[PDB]
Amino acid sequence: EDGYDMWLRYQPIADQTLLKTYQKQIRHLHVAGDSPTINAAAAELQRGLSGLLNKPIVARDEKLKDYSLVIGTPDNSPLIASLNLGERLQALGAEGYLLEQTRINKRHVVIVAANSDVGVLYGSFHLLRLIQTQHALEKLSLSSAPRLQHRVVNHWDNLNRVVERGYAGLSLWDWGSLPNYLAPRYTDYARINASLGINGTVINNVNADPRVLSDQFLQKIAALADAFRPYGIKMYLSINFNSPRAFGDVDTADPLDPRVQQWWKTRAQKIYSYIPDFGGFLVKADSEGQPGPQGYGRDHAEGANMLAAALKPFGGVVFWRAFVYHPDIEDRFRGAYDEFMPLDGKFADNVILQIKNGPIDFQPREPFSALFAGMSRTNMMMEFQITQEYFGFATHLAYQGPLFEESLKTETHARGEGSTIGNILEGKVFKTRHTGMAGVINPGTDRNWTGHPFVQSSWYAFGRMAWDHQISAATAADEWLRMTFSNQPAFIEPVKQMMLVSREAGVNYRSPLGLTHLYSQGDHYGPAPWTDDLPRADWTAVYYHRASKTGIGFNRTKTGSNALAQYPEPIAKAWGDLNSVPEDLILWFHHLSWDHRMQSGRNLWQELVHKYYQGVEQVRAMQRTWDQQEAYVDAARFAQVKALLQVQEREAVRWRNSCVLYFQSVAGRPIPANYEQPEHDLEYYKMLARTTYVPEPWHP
């Protein structure tokens, strides 16, 4: 087990009694269709069922045999059509499916039925997943349809193949051999994502390279799109807003200039000539030095709509990112909301605003982005981070399922109770239909795709939750563990719990209690809570914590930056009152004296120290848990995860010591005597922050 198969490990079912039951139920595979998508589904079931059932199961179009798996749509499978499923199939829409044990002409069958070929593909992966996770097929009757339209992955890949915030190898896209070489890995990539129902990929960096739009690269990109197409995955590209200028075709990129409008229209025509089902564009504009409409004195709707008009005739959409923040505003927290709220309703219907979970930048815990509860006439989609930019690159174990679930189940009170982020994303709160979730996965050429084996779990949870935003972190972990490692209950339970606590451990040894943005700049690998004196104050650490001798925290109430007024009144009320604000967010909104007493009975200084030490203890406990699993895991992945956890414990100690000593130097309070005192001083940790190997190929 080198991890190349990820969670699609088609190994013989270990439970011998259960295996016999599956072998009795699925003796044949019946597939009448022959479209590329159905062929992909048939190929997956043939390899999957053959591996899991430990016998050759070959896809055939022959007279129906007893105990068959039968797949198709009413349009390509007369057997499925003969069942007259009607309304039951109608509720499934364009991507849903039905899995059911039933009878066709007295033959025992299990059907994978859908309206479309892609629905059949998704249903086929779910059928395999039921077997992978040792679920019974007897009396099976279930249907599912995705809750979000655009379920996409994002890759911050540069064309030189270095990945920005990439800890898993070089970019998968081998430009030097494209379009000529159709590497099997491109198909495996499609299989991995299709297994989760992901239907779109943005292959290139948001810090966008205009070359992706050149003929040379569109031909290369078309080969990738061709490989992804049978798996239902549309191709998307990040664009550079100054492309008309970069190509030397127009002397401006102003979206109101007709020559610019025309340049994009012609470029869209060129794209669709190579990729007739091209999805559209991802846009990072007027942010962190990336060009945009504001560079020409135009607004974000003017820029987005210009691109959207170029795509409209071809059915393309614009994912316009809301990650924008000017350095001269009072409070970066307020930035995106103040930029986009005035534009609510001004965007075309093929524009979707892509918004990070929180208003800062993927920090270990952030409150929900106020834009989600404020934009009522604009399509929106979520952007989550999977790659561990802020959770320890490829050496820390940090399952992100809990972060995603926490976000999705957050009640916003935007329009009564039930205004959860998930419900907003689904479109039910504000009544929009163009919906989605994007996940910044940044995998690479490492054999296991993600570097750290457990980053696979985060990619997994993300795709499951993009399909159904109410799926819990626990449910996704249970499936992933079964698929990736073992179905042994004695293994599943402790490892699931280890996964579930890992996110919180990552918060605790870095920045608990509402602290944030304490990382070394600009690499983000280790601690640097002392960081000050950068060209922009909002890229420093002290800007966020505002620690002094008397207190800590950032006042975002009415008496401070009043960012709380950007939220619905029930949220502003709950978070603005010290009696009701969650302690896990408190320092985002309140500047508190070090003597403030917390729910635990500790004062704030004591609670801060307790949290930092708790995070290290949580890592140590993960170490012990993992060591207990040696009998259930292959020796190679066991040894790898054991080793990485040692690296993580060492780094967590460095984080803890650096931060506790830093805040001690500012507060002037002792570390309570029960704790192991750091043996080195703050100056030593400032030296480790200069000399600690930053393990990433890309650099700021």
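Residue indices: 1-based, along the sequence shown.
Asker: Would you tell me which stretch averages the higher CA B-factor in the PDB entry, 178-186 or 533-541?
Answerer: Higher of the two, by average CA B-factor, is 533-541.
Asker: Mean CA temperature factor from the deposited coordinates, higher in 418-426 or in 544-552?
Answerer: Taking the mean C-alpha B-factor of 544-552 and of 418-426, the larger value falls to 544-552.
Asker: Can you tell me which of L83, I198, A373, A348 has the maximum CA B-factor listed in the PDB entry?
Answerer: Comparing C-alpha B-factors across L83, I198, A373, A348, the top value belongs to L83.
Asker: Taking the Cα B-factors listed in the entry, which of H452, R245, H155, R229 comes out highest?
Answerer: So the option with the highest C-alpha B-factor is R245.
Asker: Would you check the entry's CA temperature factor for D634 and let me know if it's in the chain's lowest, middle or highest third?
Answerer: As the PDB entry reports it, the C-alpha B-factor of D634 lands in the middle third of its chain.
Asker: With respect to C-alpha B-factor, does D34 fall in the lowest, middle or highest third of the chain as deposited?
Answerer: Ranked within chain, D34 CA B lands in the highest tercile.
Asker: Looking at the C-alpha B-factor of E649, is it in the lowest, middle or highest third of its chain?
Answerer: Its C-alpha B-factor belongs to the lowest third of this chain's values.
Asker: Please rank the C-alpha B-factors of the chain's modelled residues and tell me whether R332 sits in the lowest, middle or highest third.
Answerer: For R332, whose C-alpha B-factor we compare with every modelled residue in the chain, the answer is the middle third.
Asker: Thinking about Cα B factors across the chain, which third does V694 belong to?
Answerer: Its C-alpha B-factor, which the entry lists for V694, ranks in the highest third among residues of this chain.
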